[PDB]
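Notes follow once the structure below has been shown.
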Amino acid sequence: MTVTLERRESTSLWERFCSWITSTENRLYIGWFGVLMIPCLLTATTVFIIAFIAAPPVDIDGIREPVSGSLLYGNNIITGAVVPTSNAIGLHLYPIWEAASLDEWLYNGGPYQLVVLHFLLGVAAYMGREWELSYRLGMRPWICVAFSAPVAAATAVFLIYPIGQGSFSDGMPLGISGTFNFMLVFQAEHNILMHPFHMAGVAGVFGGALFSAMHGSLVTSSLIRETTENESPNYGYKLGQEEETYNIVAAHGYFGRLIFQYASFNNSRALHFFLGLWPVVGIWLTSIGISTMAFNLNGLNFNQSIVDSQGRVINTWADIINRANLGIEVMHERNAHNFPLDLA
Amino acid sequence: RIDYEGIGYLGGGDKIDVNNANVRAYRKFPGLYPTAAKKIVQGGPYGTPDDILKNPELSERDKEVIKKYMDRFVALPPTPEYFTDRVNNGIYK
Amino acid sequence: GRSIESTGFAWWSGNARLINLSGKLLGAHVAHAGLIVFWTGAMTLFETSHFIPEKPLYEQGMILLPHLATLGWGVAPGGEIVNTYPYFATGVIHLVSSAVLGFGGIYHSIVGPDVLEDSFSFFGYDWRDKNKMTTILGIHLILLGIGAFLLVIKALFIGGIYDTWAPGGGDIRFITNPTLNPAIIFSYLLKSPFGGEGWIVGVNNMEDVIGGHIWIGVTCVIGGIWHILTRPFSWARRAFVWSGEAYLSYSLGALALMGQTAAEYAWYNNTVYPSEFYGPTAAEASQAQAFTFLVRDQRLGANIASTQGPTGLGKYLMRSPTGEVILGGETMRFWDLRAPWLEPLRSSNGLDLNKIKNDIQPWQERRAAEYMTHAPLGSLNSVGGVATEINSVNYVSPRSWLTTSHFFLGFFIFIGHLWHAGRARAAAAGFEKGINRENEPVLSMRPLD
Amino acid sequence: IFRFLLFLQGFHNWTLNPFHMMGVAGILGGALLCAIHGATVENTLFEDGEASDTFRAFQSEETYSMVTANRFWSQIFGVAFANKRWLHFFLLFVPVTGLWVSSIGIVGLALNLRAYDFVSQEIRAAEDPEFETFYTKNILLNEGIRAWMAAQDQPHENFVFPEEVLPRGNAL
Amino acid sequence: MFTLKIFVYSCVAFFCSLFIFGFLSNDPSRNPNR
Amino acid sequence: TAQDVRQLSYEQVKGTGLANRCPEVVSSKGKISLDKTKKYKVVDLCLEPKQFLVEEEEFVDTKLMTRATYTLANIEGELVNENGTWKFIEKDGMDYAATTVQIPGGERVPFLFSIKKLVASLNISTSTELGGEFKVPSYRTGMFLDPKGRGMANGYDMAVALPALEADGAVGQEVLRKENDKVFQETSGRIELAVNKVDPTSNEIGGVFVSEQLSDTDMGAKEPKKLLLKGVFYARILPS
Amino acid sequence: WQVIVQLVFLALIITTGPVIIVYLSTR
Amino acid sequence: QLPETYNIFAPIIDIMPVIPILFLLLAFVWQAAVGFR
Ligand code: CLA
Ligand code: CLA
Ligand code: CLA
Ligand code: CLA
Ligand SMILES: CCCCCCCCCCCCCCCC(=O)OC[C@H](COP(=O)(O)OC[C@@H](O)CO)OC(=O)CCCCCCCCCCCCCCC
Ligand SMILES: CC1=C(/C=C/C(C)=C/C=C/C(C)=C/C=C/C=C(C)/C=C/C=C(C)/C=C/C2=C(C)CCCC2(C)C)C(C)(C)CCC1
Ligand SMILES: CC1=C(/C=C/C(C)=C/C=C/C(C)=C/C=C/C=C(C)/C=C/C=C(C)/C=C/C2=C(C)CCCC2(C)C)C(C)(C)CCC1
Ligand SMILES: CC1=C(/C=C/C(C)=C\C=C/C(C)=C/C=C/C=C(C)/C=C/C=C(C)/C=C/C2=C(C)CCCC2(C)C)C(C)(C)CCC1
Ligand code: OEX
Ligand SMILES: [Ca+2]
Ligand SMILES: [Cl-]
Ligand SMILES: [Fe+3]
């Protein structure tokens with residue numbers, strides 16, 4: 001009697017089912033988390049494809065001005081999108097069976113809500129699934145944490161921000177141009193560039209790419225001669241071999257002479273931990289930034305912070321970026337606002 | 001429309017088109033905002049500026065101030081485009 | 001053991017050295033509680049010290065005082081903070097208690113025994129002892145129930161609680177008839193979290209709040225007794241991982257969920273979080289703007305029920321998708337708002353147009369102006385307003401601080417839950433330190449293709 | 001730098017440029033590769049010690065199981081690496097390529113040779129006032145940016161835009 | 001529309017039940033060290 | 001049902017859909033007196049469509065796209081006997097509603113269900129009938145902008161995305177003139193109510209309405225379509 | 001003159017930590 | 001504000017809530033003093 005109860009239950013039908021579900025012999029692993037994931041992602045995918053190709057225009061801002069997002073309605077790959085649900089609906093659950101017809105549903109942006117909810121569910125289940133297979137194969141279980149960062153980002157832009165703003169119409173559009181729109185408006189109303197968490201995110205992705213290129217170049221540089229000339233050096237490695245394929249000492253030495261001796265890593269485990277940690281933390285912080293700005297704790301405001309002796313404002317770059325922000329603000333959703341302050 | 005002849009009488013000029021201009025325009029002449037302007041808009045439109053004074057529910061104060069700025073008024077033909085927004089024309093600051 | 005050689009953990013993961021040391025672990029917990037109560041007291045005294053009599057709480061960056069005011073201490077009808085002394089009292093009490101808990105913490109951490117299983121048998125435990133764990137769980141559950149009943153007692157008998165829905169404006173009231181009807185309470189529990197529903201965040205009267213705490217008190221007490229006097233069934237014993245880290249992970253998941261729930265309470269609810277103290281919600285402020293300019297323009301002679309906006313929708317008044325008469329513009333998304341300054345104008349089919357035309361009161365206009373001018377929007381350096389606003393108003397709504405902070409906390413706490421749950425599984429099965437070079441599972445598996 | 005960014009958005013529609021999109025692909029892909037490689041190696045480690053601190057337990061022998069990793073990602077994602085050399089080259093290649101491509105784009109913008117518009121949608125929208133995409137919405141956004149900031153960002157030009165000519169929507 | 005609701009409810013209840021009761025079937029024992 | 005609605009609370013109605021329904025009158029007997037000397041006023045006028053027909057080149061049935069946001073209510077008017085004939089002159093209230101239907105083929109037909117400036121002659125018993133003409137303003141107003149920033153009272157005055165088109169003398173952007181010259185087009189649908197229920201004790205009338213009307217033109221860019229609304233109405237008679 | 005009091009109190013607390021550590025470091 | 005009595009104790013209270021942070025930092029000091037960290 002310790003921690004795990006090591007015991008079985010004798011070739012029962014339900015036990016056979018549990019065995020097949022949790023089987024590590026399946027080409028694609030289908031854990032319990034997969035019992036959630038597969039149907040959700042399939043529904044989401046089907047509705048997404050069909051809508052991206054043939055869905056009628058959607059009244060996104062509830063002002064009876066439908067926006068066209070599908071290919072068969074004059075869009076291309078870059079401009080096509082699944083338009084977010086109507087602002088008249090807000091955060092109300094709008095399933096197909098709550099509409100009078102599929103046509104109404106399409107008009108108010110039901111597809112977006114459906115796809116977003118199903119996708120978030122299925123992706124959470126995807127995270128859980130990564131853990132699950134790690135456990136079934138006797139691995140360490142922290143890949144799903146790493147993947148928890150992107151899940152957090154998706155959850156931020158598809159769920160939390162609509163919650164803070166009171167409408168799924170503020171959720172990120174499922175499309176390229178729509179994404180850009182989301183970004184611009186977000187900058188106008190939260191000044192995300194001046195938010196330290198977004199700066200942390202940029203550090204995460206720039207730094208991530210940097211360390212990717214760095215590690216890659218270092219290991220590629222110190223590959224051990226196992227191949228002939230003009231032949232692919234990749235052939236000099238075989239899957240499953242125990243011998244290391246590159247000179248780690250030579251790489252550490254190079255890096256040591258590039259900057260200084262104590263700037264380099266000696267422990268590969270430490271190095272790869274760092275490689276995993278930097279971008280994941282960055283993205284974590286940016287996701288938090290998107291959600292907390294979803295509750296209007298915006299980026300740093302230095303508008304007219306510098307004054308002269310007489311009391312006149314001396315502009316800085318923050319004032320210029322504020323000018324651009326103003327442009328986006330006054331220009332976005334031209335027919336949606338009736339009152340001078342944009343509080344929603 | 002692309003072209004409108006009576007644009008100058010909408011607030012940015014010296015005279016006010018009583019039939020089309022927004023209440024804000026009447027802030028140009030002391031005494032008219034908000035009460036006199038309100039009654040003026042609510043009583044429009046008018047064939048001639050003087051018809052403003054023919055409006056019931058106008059106080060003697062209203063009529064006084066209005067006479068003064070009677071020399072300041074014009075009655076262009078009412079166009080619904082501006083007529084509909086005589087109180088709130090979507091302009092703030 | 002307090003080294004890498006003696007424990008296996010490094011100085012960072014230093015705290016993992018306390019997993020099987022009951023004494024020092026207890027010391028850590030007690031000292032930590034000491035820190036919590038410390039902060040409570042110190043910050044309360046800080047807020048009392050910085051408070052200014054003739055300003056609203058939400059203009060002064062207060063998060064603790066609004067709680068006490070909500071409970072009904074030092075409040076006049078309308079939400080006026082008159083007596084700031086009970087706040088001082090609670091702050092002092094907490095602080096001194098922090099001295100006590102601090103002493104106990106340092107004692108059990110450094111001075112006392114490392115293992116409480118030797119010298120004692122009641123305060124000693126093995127993580128793998130299910131009965132003992134369910135006993136402790138039961139005790140603390142009973143404690144929580146007692147706390148819920150403390151709130152209930154405070155609201156039913158001792159002065160009462162601040163009711164923003166009180167017939168005559170916000171005022172402290174003794175809840176005479178709490179809601180004990182299961183249909184209603186558990187109607188909250190089994191309700192959608194989406195718009196117009198709000199799950200448990202949609203509670204809008206103190207009868208249901210206090211009654212809910214009666215139910216949760218009874219439930220916690222009965223459950224505590226249940227776990228103290230029983231042992232976990234077979235299925236639970238088979239389904240769960242029984243170790244300290246696992247329990248930690250469970251509590252982490254729970255606290256993440258709770259963090260999110262609290263953030264949502266702070267952001268949408270204005271009953272348990274009176275707008276007089278915490279400030280208006282986003283919804284409330286947007287609706288307040290629409291209301292404000294509806295009043296202004298109606299006073300300028302516009303028939304608002306007939307005023308056509310640029311889109312063709314009502315400029316001031318339109319309909320919700322289910323027919324209710326609502327305020328126009330973007331705030332159409334916020335038509336689920338319920339506020340004591342607006343409900344006087346509410347009818348069966350939504351907003352009553354007649355009451356809008358005739359019965360709008362000056363205090364309502366003042367409320368709308370105040371709230372639309374104190375919307376929960378502001379920068380990180382507390383510059384009030386939208387992102388493009390200039391430096392003049394020093395303001396960030398308490399709702400924003402609370403909600404954002406607790407989202408941050410709930411989020412990272414969830415991360416911790418994943419981490420410790422995973423490591424709990426891996427440590428239980430026995431491969432948390434790496435793959436066995438002599439027992440690699442994959443090598444004993446048939447290839448995928 | 002933030003100003004330079006919003007400037008290139010408002011004036012060049014830089015987000016719409018395919019080369020920039022390739023750049024974004026390069027960076028985000030790079031960060032993805034960094035994270036996933038780090039996590040994978042850290043979670044396929046061999047037990048080469050007794051301490052929970054697996055860092056201390058680290059030779060020509062691989063410190064992590066390539067086969068187990070391959071199995072895992074093959075059953076999770078459908079496809080996995082099998083060649084360490086190809087892997088490390090790949091996470092060299094992705095970000096570097098990103099940077100180069102975006103550079104092509106920027107040269108383009110040096111000559112104002114932009115990917116600013118989709119003529120088809122501009123013509124359609126010109127003839128049909130009911131036709132709207134997120135592209136056109138962003139075009140409007142660009143116009144706003146340009147006016148307002150134009151006056152403050154280029155002081156030497158002595159741009160004077162009366163408040164009546166500044167493009168904006170209702171109320172705002 | 002109601003029949004659609006019934007269908008979707010059936011599916012959701014089905015997969016949710018499989019998930020819950022599935023993860024209750026001694027999942028920690030499902031490891032290579034058992 | 002007016003008493004029923006009066007007894008109901010907001011929380012009992014909110015979300016049900018009742019808020020968009022017109023009250024009924026459970027009485028088909030009695031008459032409301034009308035002294036041809038005294039002035040009257042119709043109050044709480046509420047029409048509730050049920051049928052939306054759009055004519056195609058006969059009227060065809062459509063699908064409602066904009067849910068329960070189409071009923072007019074609390075509309076206000078003077079009931080004055082002019083030269084012996086009874087006239088109802090609509091004034092205040094919620095006398096308009098933008099609603100969008102969908103005709104076969106998928107084309108969205110938006111329109112402004114209006115009853116503004118209604119003058120309706122009366123021909124009050126269960127045989128009384130109300131018939132008459134009405135103004136329907138432009139679907140969009142002056143400040144509204146198209147996806148390229150063009151409107152009536154504001155916006156660009158040209159196709160600003162095509163500077164090379166607007167660059168030569170004569171023609172010009174004259175082609176796109178039809179889309180650069182936004183027009184406020186007031187039209188007329190024309191209604192025809194028809195009573196059927198009268199409660200003399202509460203002075204309440206209700207019964208059928210027919211309405212005809214004219215519809216959305218995209219600021220003068222496209223030809224409007226005729227729309228057909230078949231419904232019930234409710235009102236009360238209140239002395240001046 | 002309140003700022004000096006604040007900074008003195010701050011200095012005393014801040015120093016309080018390390019002093020306890022140093023004191024115990026001698027024994 | 002504070003009660004008039006304890007008025008004199010205003011500046012000290014201004015530093016009171018910053019103390020838990022110090023404790024966190026203190027941990028590191030302790031560790032650095034030992035030989036770890
Ligand atoms: C209920 C709360 C709780 C408890 C009791 C524990 C307990 C434990 N955790 Mg844990 N953890 C938690 C929440 C919690 N965690 C959360 C929410 C996360 C997600 C962020 C984690 C993530 C985590 C990891 C990744 C690891 C642990 C580990 C451990 C074990 C050793 C911890 C240690 O030595 O700390 C040492 C403390 C420090 C090194 C201090 C770090 C301070 C952080 C990085 C900065 C935080 C910023 C802070 C808010 C303020 C900034 C400072 C500014 C004012 C200057 C121990 C059993 C370790 C383990 O598994 O061992 C078995 C381990 O590797 N934890
Ligand atoms: C639930 C937590 C919480 C909340 C909601 C607030 C809210 C508030 N506090 Mg308060 N406070 C708190 C905790 C909290 N505080 C604690 C714990 C202390 C003790 C130090 C204080 C001490 C304090 C003082 C002394 C004062 C306030 C004040 C205020 C007000 C203005 C806050 C401000 O400017 O923030 C500034 C916000 C920041 C600096 C952001 C912090 C950055 C975060 C922590 C992220 C960094 C961590 C990093 C990313 C983690 C790494 C992740 C890793 C795991 C990988 C506001 C009402 C002021 C006021 O007006 O009161 C009257 C004031 O004077 N507070
Ligand atoms: C019957 C036995 C018993 C009792 C009465 C308690 C009681 C308590 N334990 Mg505890 N504990 C026990 C057995 C018991 N424990 C055992 C066997 C273990 C394993 C060794 C622990 C391990 C343990 C830890 C690790 C911790 C506690 C803590 C606590 C306190 C919770 C404070 C709080 O916020 O709760 C919620 C509080 C309320 C809802 C308010 C009302 C609560 C009641 C009505 C009065 C509280 C007054 C005051 C705090 C203490 C008096 C309690 C006493 C008169 C019952 C509480 C005093 C925590 C603490 O901070 O201790 C100081 C903590 O961190 N306990
Ligand atoms: C303080 C919190 C607490 C904790 C940690 C536990 C812990 C435990 N209880 Mg327990 N219990 C508690 C309070 C608590 N209880 C209370 C207050 C009561 C009632 C008075 C009970 C009544 C109870 C019984 C009757 C039994 C347990 C059992 C158990 C054990 C198995 C747990 C399990 O499988 O859960 C899994 C639980 C579920 C799958 C139930 C699902 C909950 C339903 C669906 C309602 C939730 C829907 C809600 C509206 C939505 C929530 C939102 C959320 C999903 C985001 C475990 C040790 C069992 C055991 O082993 O015997 C001792 C057992 O038979 N408990
Ligand atoms: C239910 C489970 C659902 C799982 C999600 C589905 C995942 C689908 C993954 C498809 C990968 C295809 C790889 C082809 C190429 C291929 O077959 O490569 C196979 C290759 C195997 O590499 P080896 O190590 O065997 O190579 C050794 C030598 O051949 C090298 O020259 O895998 C990789 O290189 C790792 C990188 C794959 C990651 C690629 C990500 C691309 C994402 C898709 C981007 C476009 C999407 C457009 C959508 C409109
Ligand atoms: C374990 C450990 C740790 C921790 C520790 C802790 C956390 C502790 C805590 C402690 C505590 C938590 C303490 C507390 C204390 C408190 C006090 C000491 C209080 C006092 C009070 C007072 C003094 C008051 C006064 C007054 C009054 C009476 C009223 C009026 C005002 C005045 C101010 C005058 C560490 C990590 C570091 C490491 C080592 C080990
Ligand atoms: C006071 C108050 C109230 C009331 C409240 C209440 C009465 C509550 C209750 C609540 C509750 C009553 C809750 C519950 C919850 C539950 C949960 C949350 C569950 C969870 C579960 C879990 C976590 C599980 C998991 C799992 C699975 C699923 C698989 C297998 C394994 C395991 C077992 C792990 C009202 C609203 C009136 C008002 C406001 C205030
Ligand atoms: C209640 C009260 C009291 C008490 C107080 C206390 C309890 C205090 C404490 C205090 C404390 C508790 C302090 C502490 C501090 C700590 C520190 C000061 C630490 C650290 C710092 C630093 C700066 C560090 C740095 C570093 C290292 C060394 C390692 C890592 C790296 C680095 C560089 C970061 C008295 C008596 C006044 C009376 C009145 C009231
Ligand atoms: O929906 Mn999409 O964006 Ca958020 O802010 Mn208010 O609402 Mn509308 O304006 Mn700005
Ligand atoms: Ca008849
Ligand atoms: Cl608005
Ligand atoms: Fe590597």
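A note on labels: chains of the structure tokens are A, B, ... as shown, every chain counts residues from 1, and ligands are counted from 1 in their shown order.
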**Message:** Quick one: residues within 10 Å of residue 405 in chain C, only C-alpha atoms, excluding same-chain residues fewer than 6 positions away - as an MDAnalysis selection string?
**Reply:** (chainID A and resid 288 292 297) or (chainID C and resid 259 263 399 411)
**Message:** List the spatial neighbours of range 17-20 of chain H as an MDAnalysis selection string - criterion: any atom at most 8 Å away, only C-alpha atoms, same-chain residues fewer than 2 positions off excluded.
**Reply:** (chainID C and resid 35 38:39 42:43 46) or (chainID G and resid 13) or (chainID H and resid 13:15 22:24)
For the residues selected in the previous step, produce a file with N, CA, C and O atoms as a CSV table (one decimal), in the first residue's frame.
```csv
chain,number,residue,atom,x,y,z
C,35,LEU,N,2.7,35.5,6.7
C,35,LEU,CA,2.9,36.5,5.7
C,35,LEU,C,1.6,37.1,5.1
C,35,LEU,O,1.5,38.3,4.9
C,38,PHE,N,0.0,39.2,7.7
C,38,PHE,CA,0.9,40.4,7.7
C,38,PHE,C,0.4,41.4,6.6
C,38,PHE,O,0.1,42.6,6.9
C,39,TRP,N,0.4,40.9,5.4
C,39,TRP,CA,0.1,41.8,4.3
C,39,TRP,C,-1.3,42.4,4.5
C,39,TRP,O,-1.5,43.6,4.3
C,42,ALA,N,-1.0,45.2,7.3
C,42,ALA,CA,-0.2,46.3,6.9
C,42,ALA,C,-0.9,47.1,5.8
C,42,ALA,O,-0.9,48.3,5.8
C,43,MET,N,-1.4,46.4,4.8
C,43,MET,CA,-2.1,47.0,3.6
C,43,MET,C,-3.3,47.7,4.1
C,43,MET,O,-3.7,48.8,3.5
C,46,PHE,N,-2.4,50.8,5.7
C,46,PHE,CA,-1.9,51.7,4.6
C,46,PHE,C,-3.1,52.4,4.0
C,46,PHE,O,-3.0,53.6,3.8
G,13,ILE,N,14.3,48.6,8.2
G,13,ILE,CA,13.7,47.3,7.9
G,13,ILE,C,14.6,46.5,6.9
G,13,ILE,O,15.1,45.3,7.2
H,13,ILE,N,4.1,53.0,8.6
H,13,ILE,CA,3.1,52.2,8.0
H,13,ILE,C,3.3,52.2,6.5
H,13,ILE,O,3.0,51.2,5.8
H,14,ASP,N,3.8,53.3,5.9
H,14,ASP,CA,4.1,53.4,4.5
H,14,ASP,C,5.1,52.4,4.0
H,14,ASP,O,5.1,52.1,2.8
H,15,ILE,N,5.9,51.8,5.0
H,15,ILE,CA,6.9,50.8,4.6
H,15,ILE,C,6.4,49.4,4.9
H,15,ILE,O,6.9,48.4,4.5
H,22,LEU,N,10.6,41.7,0.8
H,22,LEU,CA,11.9,41.5,1.5
H,22,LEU,C,12.2,40.1,1.9
H,22,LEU,O,13.3,39.6,1.6
H,23,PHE,N,11.2,39.5,2.5
H,23,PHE,CA,11.3,38.1,2.9
H,23,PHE,C,11.7,37.2,1.8
H,23,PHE,O,12.7,36.4,1.9
H,24,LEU,N,11.0,37.3,0.6
H,24,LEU,CA,11.4,36.6,-0.6
H,24,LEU,C,12.9,36.8,-0.9
H,24,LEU,O,13.7,35.8,-0.9
```
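A distance search around ligand 9 (6 Å at most, only C-alpha atoms and all ligand atoms) returns the following protein and nucleic acid residues: residues 61, 169, 170, 342, 343 and 344 of chain A.
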**Prompt:** Could you write out, as a PyMOL selection string, all the residues of range 3-216 of chain F that DSSP marks as alpha helix (DSSP H)?
**Reply:** chain F and resi 3-7+10-13+177-180
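The neighbours of residue 137 in chain D here are the residues that come within 8 Å of it, using only C-alpha atoms and leaving out any residue fewer than 3 positions away in the same chain; they are residues 181, 332 and 333 of chain A; 132, 133, 134, 140 and 141 of chain D; 147 of chain F.
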Write out, as a compact mmCIF listing (two decimals), in the first residue's frame, the residues just selected, with N, CA and C atoms.
```txt
# COMPACT_ATOMS: atom_id res chain seq x y z
N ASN A 181 -6.29 43.22 -38.64
CA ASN A 181 -7.29 44.15 -38.13
C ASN A 181 -7.36 44.12 -36.61
N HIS A 332 -11.49 53.22 -37.10
CA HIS A 332 -12.02 51.86 -37.02
C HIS A 332 -13.52 51.83 -36.75
N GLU A 333 -14.21 50.88 -37.39
CA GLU A 333 -15.66 50.71 -37.27
C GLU A 333 -16.40 52.04 -37.36
N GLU D 132 -17.67 44.43 -48.40
CA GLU D 132 -16.66 44.74 -47.39
C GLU D 132 -15.89 43.51 -46.91
N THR D 133 -14.56 43.64 -46.86
CA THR D 133 -13.70 42.60 -46.32
C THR D 133 -12.79 43.22 -45.26
N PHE D 134 -12.08 42.38 -44.51
CA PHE D 134 -11.15 42.87 -43.50
C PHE D 134 -10.01 43.65 -44.14
N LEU D 140 -8.90 51.47 -44.63
CA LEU D 140 -9.42 52.60 -43.87
C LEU D 140 -8.50 52.94 -42.68
N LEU D 141 -8.15 51.91 -41.90
CA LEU D 141 -7.26 52.10 -40.75
C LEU D 141 -5.95 52.80 -41.16
N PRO F 147 -17.85 51.03 -47.16
CA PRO F 147 -16.52 50.44 -46.94
C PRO F 147 -15.34 51.22 -47.52
```
**Message:** As a quick test: using only C-alpha atoms and all ligand atoms, which residues lie no more than 8 Å away from ligand 11? Give them as number ranges by chain.
**Reply:** A: 336-342; C: 286, 290, 328-331; D: 171
**Request:** Residues within 9 Å of ligand 4, counting only C-alpha atoms and all ligand atoms: report them as a PyMOL selection string.
**Result:** (chain C and resi 130+133-134+137-138+140-142+144+186+188-191+216-227+230-237+239-240+247+250-251+254+257) or (chain E and resi 20-21+24)
**Message:** Please identify all residues of chain E having at least one atom at most 7 Å from any atom of chain A, considering only C-alpha atoms, and return them as a PyMOL selection string.
**Reply:** chain E and resi 1-2+4-5+15+19+22-23+28-32+34
Expected file contents, prior selection, C-alpha atoms, as an mmCIF file, in the first residue's frame:
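And here's result-v2.cif as it stands now:
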```cif
data_model
loop_
_atom_site.group_PDB
_atom_site.id
_atom_site.type_symbol
_atom_site.label_atom_id
_atom_site.label_comp_id
_atom_site.auth_asym_id
_atom_site.auth_seq_id
_atom_site.Cartn_x
_atom_site.Cartn_y
_atom_site.Cartn_z
ATOM 1 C CA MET E 1 -33.928 22.531 -34.405
ATOM 2 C CA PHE E 2 -34.940 20.668 -31.255
ATOM 3 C CA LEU E 4 -30.558 18.779 -33.580
ATOM 4 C CA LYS E 5 -30.227 19.856 -29.954
ATOM 5 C CA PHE E 15 -18.083 11.397 -25.158
ATOM 6 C CA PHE E 19 -13.935 10.599 -20.800
ATOM 7 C CA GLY E 22 -12.542 6.236 -18.746
ATOM 8 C CA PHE E 23 -10.123 8.247 -16.624
ATOM 9 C CA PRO E 28 -2.169 5.478 -13.050
ATOM 10 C CA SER E 29 -1.769 1.724 -13.624
ATOM 11 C CA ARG E 30 -1.576 2.415 -17.364
ATOM 12 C CA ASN E 31 2.201 2.879 -17.412
ATOM 13 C CA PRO E 32 5.190 0.876 -18.742
ATOM 14 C CA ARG E 34 3.401 -1.772 -14.171
#
```
**Asked** Counting only C-alpha atoms, which residues from chain F have an atom at most 7 Å from any atom of chain C, and could you show them as a ChimeraX atom specification?
**Response** /F:5,8-10,13-17,19-20,67-69,92-95,98,139-144
**Item:** All residues having an atom within 9 Å of ligand 1 (only C-alpha atoms and all ligand atoms) as a VMD selection string
**Value:** (chain C and resid 9 to 19 29 244 to 245 248 to 249 251 to 252 255 to 256 409 to 420 423 to 424) or (chain D and resid 52 to 53) or (chain H and resid 21 to 22 24 to 25 27 to 28)
**Message:** Could you list, as a ChimeraX atom specification, all residues that come within 7 Å of ligand 6? Count only C-alpha atoms and all ligand atoms.
**Reply:** /C:27-28,31-32,34-35,38,92,95-96,98-99,101-103,105-106,109-110 /H:6,9,13,23-24,26-27,30
**Asked** Taking only C-alpha atoms and all ligand atoms into account, which of A:52, A:235, A:197, A:105 comes nearest ligand 5?
**Response**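 Checking each of A:52, A:235, A:197, A:105 against ligand 5, counting only C-alpha atoms and all ligand atoms, the winner is A:235.
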**Item:** Distance-based interface of chain B with chain F, 7 Å, counting only C-alpha atoms, as a PyMOL selection string
**Value:** chain B and resi 1-2+81-82
**Message:** Would you pick out the contacts of residue 130 in chain D at 9 Å or less, using only C-alpha atoms, so that residues sharing its chain but fewer than 5 positions from it are not included, and give the list as a list in words?
**Reply:** residues 65, 66 and 67 of chain A; 125 of chain D; 146, 147 and 218 of chain F
Keeping only N, CA and C atoms, take the residues you just selected and write them out as a compact mmCIF listing (two decimals), in the first residue's frame.
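out22.txt was written with the following content:
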```txt
# COMPACT_ATOMS: atom_id res chain seq x y z
N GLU A 65 -24.46 45.68 -41.04
CA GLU A 65 -23.54 45.87 -42.15
C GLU A 65 -22.66 44.63 -42.31
N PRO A 66 -23.17 43.61 -43.00
CA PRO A 66 -22.52 42.30 -43.12
C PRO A 66 -21.16 42.36 -43.81
N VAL A 67 -20.17 41.69 -43.23
CA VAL A 67 -18.84 41.63 -43.81
C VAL A 67 -18.61 40.29 -44.51
N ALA D 125 -15.31 47.20 -54.62
CA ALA D 125 -15.80 48.06 -53.54
C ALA D 125 -16.17 49.45 -54.06
N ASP F 146 -19.67 54.14 -46.43
CA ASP F 146 -19.51 52.85 -47.10
C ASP F 146 -18.11 52.30 -46.81
N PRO F 147 -17.85 51.03 -47.16
CA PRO F 147 -16.52 50.44 -46.94
C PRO F 147 -15.34 51.22 -47.52
N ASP F 218 -29.41 51.51 -50.70
CA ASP F 218 -27.95 51.67 -50.57
C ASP F 218 -27.51 53.08 -50.97
```
**Item:** Test item: residues no farther than 9 Å from ligand 5, counting only C-alpha atoms and all ligand atoms, as a PyMOL selection string
**Value:** (chain A and resi 28-30+34+37-38+41+126+232+234-235+239) or (chain D and resi 70+75-87+90)
